[PDB]
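Okay, so here's just one chain, in structure tokens, the form deposited in one PDB entry.
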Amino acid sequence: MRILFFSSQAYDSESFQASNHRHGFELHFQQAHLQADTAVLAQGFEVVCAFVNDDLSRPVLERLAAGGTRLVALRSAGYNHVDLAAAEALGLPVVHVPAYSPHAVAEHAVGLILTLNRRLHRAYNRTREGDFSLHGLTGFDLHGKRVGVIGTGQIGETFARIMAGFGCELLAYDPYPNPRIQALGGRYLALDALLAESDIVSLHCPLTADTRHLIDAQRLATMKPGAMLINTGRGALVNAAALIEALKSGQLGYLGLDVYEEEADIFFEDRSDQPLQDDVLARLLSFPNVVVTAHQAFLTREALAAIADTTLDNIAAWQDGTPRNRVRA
């Protein structure tokens, strides 16, 4: 059973090779992006493994199907790049990773908090060059601060437990509260009260019609002046455009993003040789109190191993006719 990987990185080959010790599939790693003019590379390959920056619109799917590809395996949770209606029409099933490792993602959120708080990215750049001066690097103790967790699913809960260990006072909002958050010392309250009370707000709720642009100009103006916002959830949870004016005024003190609404078109590529087209992202990137990582929150060895194991298992399952993590239109 042969699998062609498009948009391959060294960390993909390393994780999938190790995970393949219990499958023995024939793995082919192509660096190029999948798109109309590279689809031909998948000719004769039964399975193609794609990431979110690969093009799986109707024209590409038609070409893969005509070329004899029988399964599209996404080594991602997200699938915005896939025309699912077209894949169904073509009889080409799509599988994916249902969720990323909660420790990897929650740890990354905490890392964004600490780097922003202690200005560690700014310090590094100073000391690397022999600037040992400390002006502007003063932070705040996390101990005693109010940390508001929006969405208390697995990642939010994991994040909450870590922040509880720093001695933070935990606040939470979820449509369906759970007792585990309570056992950590967490207090549930209304979203609006969470936003007004929290020193640090971290988004971990699913994206739905109800949470789309949850943090918009109104929600930003509800927050405590100078507060920190972290979004490792999904880009569309926030209206990035509204973050700018809040950062300019000082209303928002800090921002840590691991996701961005336009990301599948932007992230996972070195675009440094060319002007950045997106005015909003370009402006965010400039601020001294903003750190953006390029959907890096699941980028640990363990979390990548989970993605590889899940994806290879999904493929074995399709092979046997077991509906496992299929995405349907």
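Heads up: residue numbers just count along the shown sequence, starting at 1.
Although it is not shown, the form deposited in another entry is what the next lines describe.
Enquirer: Quick one: spot the hinge among 304, 254, 64, 232 for the rigid-body turn between this form and the one not shown.
Expert: For the motion between this form and the one not shown, the hinge residue: 304.
Enquirer: Might you say whether the CA atoms of residue 55 and residue 233 end up closer or farther apart in the other form than in this form? Their distance differs by 3 Å or more.
Expert: Nearer in the other form, by 3 Å or more.
Enquirer: Answer with closer or farther for the CA-CA spacing of residue 237 and residue 99 in the other form compared to the shown form; it moves by 3 Å or more.
Expert: It is farther: in the other form, the C-alpha atoms of residue 237 and residue 99 lie at least 3 Å more apart than they do here.
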